[PDB]
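To keep things clear, I will list the structure first and then write my remarks on it.
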Ligand SMILES: COc1ccc(C(=O)Nc2ncc(-c3ccc(C(=O)O)cc3)s2)cc1
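In the working numbering, the protein residues as written are -10 to 318.
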């Protein structure tokens, strides 16, 4: 008879108590840098709505990355910009070193610090058990910081986690989907990579929060220790939830939907079927045991939970024994 509302259990009113210019990006006035200080070197990846290039600051010969914002909606540009500024300086948060525009065209471009990212398409291998705990911990720092600042990343995935292994340097990037958290707001469930979409999104529950991001984190932790990227590999959004259900089980999935009085599509109930909750051990093998430990499994199990309200906060996660060595260090 109607979805049960929900609210973040932590940092719930973080933006409510701040000045109106902090989250009101629509009124944010941008200060422009000088476009002529940069020269594009080569195109990297791509994207819909943006063109990313490796570049060089002609003033200091320093490498930099430039994201040209293609014709879209100024609000979206204002949102990412305001967010990037609000987070500037945060631990492991990509640094927005400048903002420029074509004086004639008006086409906006975001200049970021450069990261000599180690090729991930085949790197998470040499990554030792300690390397994972370390980087996971570092990713946690960024999340707790951004969440602390009332902001949801919404696109946590391996591609948005730049890593310069040689320098043990990590950065969380592309805040293109990030949004400000305001208790009781209904958000767009169509964010984040499919393999990293949380149950809440998959069942169309819109009143979600920061917890979306630890689920995505949990997915990354899984793929990393079990050496299966992506861990949950669905064909489409519907199948994505089936992949999760085959691991976490259907009973818990149904208690969750029941709890929030969520209505699922009829056909969806047919494809979910019936599955038992499998034990994580079931996924460990000779090629990934060195990365798996009891602590890792306990931590992962506390991240990957249907009910977003029951997931660990980034802060609580940084306290898990899995990180004993890292912290100690
Ligand atoms: C193989 O060596 C490599 C060295 C460097 C790179 C590379 O892309 N470096 C990069 N450094 C920073 C990058 C970056 C890309 C997008 C965004 C955003 O917020 O949208 C922010 C920062 S990309 C890629 C490969």
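From the three backbone atoms N, C-alpha and C, an ideal C-beta is built for every residue, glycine too.
Near ligand 1: residue i beta-carbon under 7 Å from a heavy atom
{"i": "residue 309", "result": "no"}
{"i": "residue 101", "result": "yes"}
{"i": "residue 165", "result": "yes"}
{"i": "residue 161", "result": "no"}
{"i": "residue 133", "result": "no"}
{"i": "residue 56", "result": "yes"}
{"i": "residue 108", "result": "yes"}
{"i": "residue 209", "result": "no"}
{"i": "residue 141", "result": "no"}
{"i": "residue 46", "result": "no"}
{"i": "residue 213", "result": "no"}
is_contact[residue i, chain D] using C-beta, thresh 8 Å
{"i": "residue 94", "result": "Here there is only one protein chain, and chain D is not present."}
Nearest to residue i (by Cα), restricted to the options the options
{"i": "residue 67", "options": "30, 167, 209 and 276", "result": "167"}
{"i": "residue 225", "options": "205, 257 and 21", "result": "257"}
{"i": "residue 35", "options": "23, 263, 58 and 203", "result": "58"}
{"i": "residue 26", "options": "33, 44 and 39", "result": "44"}
{"i": "residue 5", "options": "297, 171, 124 and 289", "result": "171"}
{"i": "residue 324", "options": "76, 120 and 270", "result": "The structure shown does not extend to residue 324, since the chain is modelled only from -10 to 318, so the question has no answer here."}
Rounded straight-line distance, which links the Cα of residue j to that of residue i
{"i": "residue 103", "j": "residue 246", "result": "43 Å"}
{"i": "residue 216", "j": "residue 277", "result": "6 Å"}
{"i": "residue 79", "j": "residue 88", "result": "18 Å"}
{"i": "residue 229", "j": "residue 47", "result": "46 Å"}
{"i": "residue 266", "j": "residue 86", "result": "46 Å"}
{"i": "residue 367", "j": "residue 32", "result": "Since the first and last residues shown for the chain are -10 and 318, residue 367 lies out of range."}
{"i": "residue 281", "j": "residue 90", "result": "48 Å"}
{"i": "residue 125", "j": "residue 93", "result": "44 Å"}
{"i": "residue 193", "j": "residue 159", "result": "32 Å"}
{"i": "residue 109", "j": "residue 156", "result": "15 Å"}
{"i": "residue 61", "j": "residue 40", "result": "13 Å"}
query = Taking one C-beta from the stretch 12 to 29 and one from the stretch 53 to 70 each time, how about it: are there three or more such pairs within less than 8 Å?
reply = Contact check between the stretch 12 to 29 and the stretch 53 to 70: three or more CB pairs, one atom from each, fall below 8 Å, which counts as touching.
inquiry  = With three or more C-beta pairs closer than 8 Å as the rule, is the stretch 168 to 178 touching the stretch 261 to 272?
reply    = no
query = Counting Cβ pairs, one atom from each stretch, are 3 or more of them under 8 Å apart for the stretch 311 to 318 and the stretch 137 to 145?
reply = Output reads no: the stretch 137 to 145 does not touch the stretch 311 to 318.
key: Validate contact between the stretch 300 to 307 and the stretch 202 to 212 using beta carbons, cut 8 Å, 3 pairs   = The stretch 300 to 307 vs the stretch 202 to 212: in contact.
ask   = Taking contact to mean at least 3 C-beta pairs separated by less than 8 Å, is the stretch 93 to 103 in contact with the stretch 286 to 296?
value = Because the criterion of three Cβ pairs below 8 Å is not met, the stretch 93 to 103 and the stretch 286 to 296 do not touch.
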